[PDB]
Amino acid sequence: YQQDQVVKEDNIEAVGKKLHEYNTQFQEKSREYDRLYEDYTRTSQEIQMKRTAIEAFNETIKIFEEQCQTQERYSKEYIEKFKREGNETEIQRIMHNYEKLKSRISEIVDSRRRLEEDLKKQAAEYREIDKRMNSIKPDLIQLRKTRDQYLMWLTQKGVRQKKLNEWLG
C-alpha cells in the first residue's frame, strides 16, 4: 500500500545524479553553518570579555570615587589649620591636586562609555548571527533528510556500495 516517498522514480542513474547534487549542496550548507557557529562562539567570548572589561572600569571608577571621599574628608583638617597660620599656597596645591584627580575620572568614564557602545554594537552582531543561523537550519535539515532518502532509495534498489561512494564523494 501507499507511502509518502519524496523521491520521484526515474532510474538508478537519474536518482544517483540527484544524490550527488543534494550531497554537494548539503556539505556546502554544512560549511556555511559551521562558519557562522564560529562567529557565534567567538562573538559570545568577545561579548563576555567586553562585559567584564566594563566591570573592571566600574571597579576602577569605584576606587577613584573612594579617593574623592578621602580627599574631602581628609582635607577638612589641613585647610582650617592652613588658612590660619598663613599657608593658603598649600591650600591651592591641595585643591589643584584634587581637580587633577576629578579630571582623570572623566576620561575613565569616557573610555567606559566607548566600550558600552561597542558591547551594544556587538550584541547587535550576535543577534544577527543567531538570526542568520536560525534561517539556515531548516535548509540544512531538509537537505540532510533528502540526501538520506536518496541513499535509502538506491540501497533498496540494490545499488552497490562502490557506486554510492562515487556520488557521495
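The numbering used is simple: start at 1 and walk along the sequence shown.
- Missing-residue comparison: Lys163 falls in the unmodelled set for none of the other PDB entries checked, so it is not missing from a third of them.
- For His96, the record comparison shows coordinates present in all the other entries of this protein that model its neighbours, with no third of them leaving it out.
- Two stretches are in play, 95-103 and 81-89, and the higher mean C-alpha B-factor belongs to 81-89.
- Per the deposited coordinates, the residue with the largest Cα temperature factor out of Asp130, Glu66, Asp118, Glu46 is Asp118.
- Remark: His20 belongs to the middle third of its chain, ranked by C-alpha B-factor as recorded.
- In the PDB entry, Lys62 places in the lowest third of its chain by CA B-factor.
- Residue-level temperature factors show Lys145 in the middle third of its chain, judged at the C-alpha atom.
- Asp34: CA B factor lies in the middle third for its chain, per the PDB record.
- The deposited CA B-factor of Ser111 belongs to the middle third of values across its chain.
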